[PDB]
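In: Everything below, folded, please.
(5 chains)
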Amino acid sequence: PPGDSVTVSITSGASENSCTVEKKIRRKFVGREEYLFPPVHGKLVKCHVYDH
Amino acid sequence: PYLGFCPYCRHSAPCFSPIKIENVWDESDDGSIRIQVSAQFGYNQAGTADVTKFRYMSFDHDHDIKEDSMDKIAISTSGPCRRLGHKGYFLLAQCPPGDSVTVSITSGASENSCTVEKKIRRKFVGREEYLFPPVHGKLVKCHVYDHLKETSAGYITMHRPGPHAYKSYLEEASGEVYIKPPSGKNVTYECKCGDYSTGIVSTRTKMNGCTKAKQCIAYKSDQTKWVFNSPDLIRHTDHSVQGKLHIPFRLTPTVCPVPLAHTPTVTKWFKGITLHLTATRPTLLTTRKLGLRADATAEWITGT
Amino acid sequence: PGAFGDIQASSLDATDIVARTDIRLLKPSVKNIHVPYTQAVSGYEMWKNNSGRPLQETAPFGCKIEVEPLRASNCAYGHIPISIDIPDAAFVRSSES
Amino acid sequence: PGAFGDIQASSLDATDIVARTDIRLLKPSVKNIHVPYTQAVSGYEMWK
Amino acid sequence: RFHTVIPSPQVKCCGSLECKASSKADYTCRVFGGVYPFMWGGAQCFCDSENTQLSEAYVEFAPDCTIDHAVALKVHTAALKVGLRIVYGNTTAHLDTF
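Out: Numbers count the residues shown, from 1 in each chain, chains lettered A, B, ... in the order given. See the structure here:
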């Protein structure tokens, strides 16, 4: 989700080790209209996404 | 206990879920919100009343009614919400500010969640902003959703379920089509491989003249159910009014406490006054003359 | 559409509801079943946001507005000519006063 | 009240602390025991 | 607030449909060509084409309008009524007059 920093943590039992780094993660959209989620109905436009 | 087509499932893309949110209402002044979903709560497989557990439709080709417990329900907009009530299709929960509302069932690792956009803002009653109802203050008239689950805000119409075809019921072999009804259940089938042909079968049944699986359909005569007039379902041929559920949690009037601002300090002068004002939160000030012209002035004031 | 009174009825329970909300249906594109539609925002909410202050805080002459029934109490303006037939019993003649 | 020096003293530990912060008590209304009051914001914070 | 109620769509599975003329509030009905819709089992019809769909929608009053609603009125000439206390000599009198 949107956030000002990103944190990665490991919880080995009671031993918790977490590293945090500042990174302004913002909500971005493709097209010309803002939207929280990709709607069921709408145009299909070109986009670029990290391959899973 | 039907399933809707949720726009936002657990992973991301739209998908069919038993817990689709159809409508959300937030007209109460205390921040409580009433939510409508497809699943049935307060009931077991037979529909008998019970607060400990709810029902829904299974994720399988039989799509029978499966069951789960209250502790596995989670409601959240930006943080976890407090469940105030549940009845039938409806929930009532107090939630924090957020842009969307999500309802999820945590069956072990299966965290099936449906999210719908809804700008839920923090609203208040009166002329003074606050986060919580103050301990001391005036008692004004407000309207809040009743937490009683047997109330009635209106009604929702339901109709008999329509056909819901399955491909698992159909089988392709050697370029020929077969129908495999579930054991002990009569299944109405219909196909068109030339002449249009309907019928009902109850066993492993051949069909002739058909080469592709797409050309036939089959479904069990499930007249033993009722479904809300949702836009995510295919309706029956006779879509007459065949039921009316109540809408619980009526919006009743009551008395709400609102704060009283710091008393102003009035300094007089020739044909005029000066009000020194202190209000940590936005407080409304409305002045008007008592002559021919009101000269009404309204302002929300913060600080000092 | 998009303004106050876009949906009207004689009463809450009246079944002859008439409205013009500019609702329009679009072609379904995605494979899964659904009925898309775009509709203008509720004009009732638009008026509510831009309602302004009520008449209780703007009426002139210091007149207190009230409802059920609609009325304006303690409204100070003008002069009332009054003709009154005060009884002669209360009067006391000057010969005794 | 509401301005700098709305609380004054000769020292931090001095007992001759003099205050004029415009604090007024209000009549209690709820059944439970509690004393309500209102008071001007800290003028020191306003100056800060 | 109006509740935009959308009846469940119907499909004439391998035929045609025509929009009827109902008398609901802001009634809107349209007919679309072949759609071939999916519910959960990968298919609902057997004709890839000529598989029309009927999209239906209208509006009703929201369930919470019984409290949250606005009433529109027209006013006419207003009659002013007065409650009056009058004292003469020893006698006081209260009277309501037009």
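
In: What is the neighbour count of residue 50?
Out: Using chain A. If you count neighbours by other Cβ atoms under 10 Å in any protein chain shown, residue A:50 ends up with 4. Quick note: C-beta positions are derived from backbone N, CA and C, even for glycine.

In: my bad, the chain I had in mind was chain E
Out: Close neighbours of residue E:50, defined as other Cβ under 10 Å, add up to 13.

In: just to confirm, which helix or strand has residue A:51 in it?
Out: Using DSSP states H and E, residue A:51 falls within no helix or strand.

In: Quickly note the distance from it to residue B:124.
Out: The gap separating residue A:51 from residue B:124 is 48 Å, by Cβ to Cβ, to the nearest Å.

In: now swap in residue C:5 and tell me
Out: Distance from residue C:5 to residue B:124, by Cβ to Cβ: 27 Å.

In: what do you get for residue C:68?
Out: For residue C:68 relative to residue B:124 (Cβ to Cβ), the value is 25 Å.

In: Check residue E:30 too.
Out: From residue E:30 over to residue B:124 (counting by Cβ to Cβ), the distance is 42 Å.

In: Ignoring the adjacent residues along the chain, who's closest to residue C:90?
Out: residue E:89 (4.9 Å; Cβ to Cβ, 6 or more residues apart in numbering or on different chains).

In: can you check residue E:93 too?
Out: Here the residue nearest residue E:93, using Cβ to Cβ, 6+ apart, is residue E:86, at 5.4 Å.

In: Could you double-check that the one you found lies in contact with residue C:90?
Out: No: proximity of residue E:86 to residue C:90 does not meet the contact threshold set by Cβ atoms under 8 Å, at 11.8 Å.

In: For chain A, which residue gets nearest to chain D?
Out: At 26.0 Å from chain D, residue A:4 is the closest residue in chain A, using Cβ to the nearest Cβ.

In: Quick check: that residue touching residue A:20?
Out: No: checked against Cβ under 8 Å, the pair residue A:4 and residue A:20 is beyond contact range at 10.2 Å.

In: Please identify the residue of chain A positioned nearest to chain C.
Out: For chain A, Cβ to the nearest Cβ, closest residue to chain C: residue A:41, 3.8 Å.

In: Remind me which helix or strand residue A:16 belongs to.
Out: strand A:15-25.

In: Which strands or helices does that strand pack on?
Out: strand A:3-12 (3 or more Cβ pairs under 8 Å, 6 or more residues apart in numbering or on different chains; DSSP states H and E).

In: CA atoms only: put the strand it packs on into CSV for me.
Out: Taking C-alpha atoms only, strand A:3-12 is exported to CSV below (Å, rounded to 0.1, in the frame of the first residue of the first chain):
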residue,chain,number,x,y,z
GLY,A,3,3.7,4.5,2.4
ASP,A,4,6.7,6.7,3.1
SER,A,5,9.1,3.8,3.8
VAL,A,6,9.5,0.1,3.2
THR,A,7,10.4,-2.5,5.8
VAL,A,8,11.4,-6.2,5.6
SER,A,9,11.3,-8.2,8.8
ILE,A,10,12.0,-11.8,9.9
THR,A,11,10.5,-13.2,13.1
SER,A,12,12.5,-16.3,14.2
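
In: how far does that strand sit from the chain's center?
Out: 13 Å (Cα atoms, centre = their mean, to the nearest Å).

In: Can you list the buried residues in it?
Out: Buried residues in strand A:3-12, counting neighbours by 16 or more other Cβ atoms under 10 Å in any protein chain shown, are absent.

In: Need the contact partners of it.
Out: Here strand A:3-12 makes contact (Cβ atoms under 8 Å, 6 or more residues apart in numbering or on different chains) with A:16-25.

In: same check, this time on stretch E:83-91
Out: C:84, C:86, C:90-92, E:92-97.

In: Setting aside sequence neighbours, what's the nearest residue to whichever residue of chain A sits closest to chain E?
Out: Closest residue of chain A to chain E, Cβ to the nearest Cβ: residue A:41 (11.6 Å). Among residues not flanking residue A:41 along the chain, residue C:36 sits closest, at 3.8 Å (Cβ to Cβ, 6+ apart).

In: Next one: the one you found from residue E:75, what distance?
Out: 44 Å.

In: Kindly report the same for residue E:97.
Out: For residue E:97 relative to residue E:75 (Cβ to Cβ), the value is 22 Å.

In: Quick one: residues contacting the residue in chain C positioned nearest to chain D.
Out: Residue of chain C nearest chain D, by Cβ to the nearest Cβ: residue C:57 (23.7 Å). By Cβ under 8 Å, 6+ apart, the residues touching residue C:57 are B:286, B:288, B:296, B:298.

In: so can I have a markdown table of the residues you listed showing distance to residue E:49?
Out: Below are the contacts of residue C:57 laid out as a markdown table (distance: Cβ to Cβ, whole Å):
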| residue | distance to residue E:49 |
| --- | --- |
| B:286 | 66 |
| B:288 | 69 |
| B:296 | 66 |
| B:298 | 63 |
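
In: Tell me which two in the residues you listed are the farthest apart.
Out: B:288 and B:298 (9.1 Å; Cβ to Cβ).

In: Just to check, residue E:19 is in contact with residue E:27?
Out: No: if you go by Cβ under 8 Å, residue E:19 and residue E:27 don't touch, sitting 9.8 Å apart.

In: more crowded one of the two?
Out: Between residue E:19 and residue E:27, counted using other Cβ under 10 Å, the more crowded position is residue E:27 (16 against 13).
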